[PDB]
Every structure is written in C-alpha cells, then in structure tokens.
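For the sequence shown, the deposited numbering assigns the number 1 to the initial residue and increments by one for each residue that follows. The beta-carbon is built from N, C-alpha and C at its ideal position, and this holds for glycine as well. Right, one structure below, let's go through it.
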Amino acid sequence: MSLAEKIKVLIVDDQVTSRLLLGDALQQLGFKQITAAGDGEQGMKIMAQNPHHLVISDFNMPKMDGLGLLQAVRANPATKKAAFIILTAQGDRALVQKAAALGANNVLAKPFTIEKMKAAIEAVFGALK
C-alpha cells in the first residue's frame, strides 16, 4: 500500500500471442506492475508469491485457469481479493461468467466485443459483481 507494490498484474498465457496480446492492451490501460509468466500456474503461482491485484491470462486450459485460479484463490485470500481475466483467440463470455459464478472475486473476458471487455474492466475497476 506504500507504492504500486499493492497493485500487481499478471499476464500469463499458453501463448505469447494471447498474453503479449493482453499484456499489450493491459499496458495500454495503465497497470501498476505487469508480470508475465510461463502459463497458468507458471504465472498464477508467481502472483501468489508476489503481490497481485489483477490477474490476466488466456482461456486455455493451463495448470490453472479461471476455474483453477478461482478455486486457488478460495484457498488464498491474497488472490481471493484479486481479479482474473480469461480470454481466448476468440471469446468465451460463458467461460468468464462461469468463473465469476464459480466463486471468483472478479473475472473479466476479452471477447470480440469491446462492449463486454470494456464494460468488463469497467466492472473490475468499478462494478465488482
């Protein structure tokens, strides 16, 4: 809470394209401290150790995805207070909404609808639920 330390972003995906894609857009948003990892856990675990605030990864089925990520948080309150974004080369709003419903703090998707993605972020940044 002293510095950006509090705020932390993790951009890990099964493919740079996916990640670099989010990491690029995310960076264009104005994150605190972007952090890319190998994938799922490779990145999720990273956020677990260090500070996390906004997790962003691919929709793929890595070591940990919106699903695993959630259940993961449920265990750790550190991430349980952090959000997570799950997008794909296409878009799976049902997948995202699923994670959120599953029992996630805040999960946003990155489909082909700026309205969803944008509005999504507008939620994570404002409207949590």
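Range covered by the alpha helix (DSSP H) that runs through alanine 89: Against the sequence shown, residue 89 aligns to sequence position 89. No alpha helix (DSSP H) holds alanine 89; DSSP gives it neither H nor E.
Following the continuous beta strand (DSSP E) through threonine 35, name the residue where it begins and the one where it ends. Indexing the sequence shown from 1 puts residue 35 at position 35. Residues 34–37.
Nearest to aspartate 58 by alpha carbon, out of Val73, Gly91 and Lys32? Sequence index remark: in the sequence shown, residue 58 carries index 58 (1-based). That would be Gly91, whose Cα lies nearest to the Cα of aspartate 58.
Looking at the secondary structure, which residues open and close the beta strand (DSSP E) in which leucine 10 lies? Reading the sequence shown from its first residue, position 10 is the one you call residue 10. 9–12 is the extent of the beta strand (DSSP E) around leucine 10.
Enumerated in chain order, which unbroken segments of the alpha helix (DSSP H) with a length of 4 residues or greater are wholly contained in the region 13–65? 16–29 and 40–49
When you compare the CB positions of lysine 6 and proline 51, do they come within less than 8 angstroms of one another, or not? The residue given as residue 6 occupies position 6 in the sequence shown. The residue given as residue 51 occupies position 51 in the sequence shown. In this structure, the beta-carbon distance from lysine 6 to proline 51 falls below 8 angstroms.
Between the CA atoms of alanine 37 and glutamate 115 - distance to the nearest angstrom: By 1-based counting over the sequence shown, the position of residue 115 is 115. By 1-based counting over the sequence shown, the position of residue 37 is 37. For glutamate 115 and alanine 37, the distance between alpha carbons rounds to 28 angstroms.
Is the beta carbon of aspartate 24 closer than 8 angstroms to that of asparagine 60? Translated into positions along the sequence shown, residue 60 becomes position 60. Translated into positions along the sequence shown, residue 24 becomes position 24. No, Cβ-Cβ distance for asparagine 60 and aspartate 24 is not below 8 angstroms.
Using a Cβ-Cβ cut-off of 7 angstroms (strictly less than) and excluding sequence neighbours within five positions of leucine 26, which residues of its own chain qualify? Residue mapping note: residue 26 aligns to position 26 of the sequence shown, counting from 1. For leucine 26, where only same-chain residues beyond five positions count, the Cβ hits under 7 angstroms are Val9, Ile11, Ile34 and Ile56.
Using a Cβ-Cβ cutoff of less than 6 angstroms, which residues in the same chain neighbour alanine 100 once the five nearest sequence positions on both sides are dropped? As a working mapping, residue 100 is identified with position 100 in the sequence shown. Cβ neighbours of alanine 100 beyond the five flanking positions: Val107.
When the Cα atoms are used, what is the spatial distance from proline 77 to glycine 43? Counting from 1 along the sequence shown, the entry for residue 77 is found at position 77. Counting from 1 along the sequence shown, the entry for residue 43 is found at position 43. Spanning the two alpha carbons is a distance of roughly 17 angstroms.
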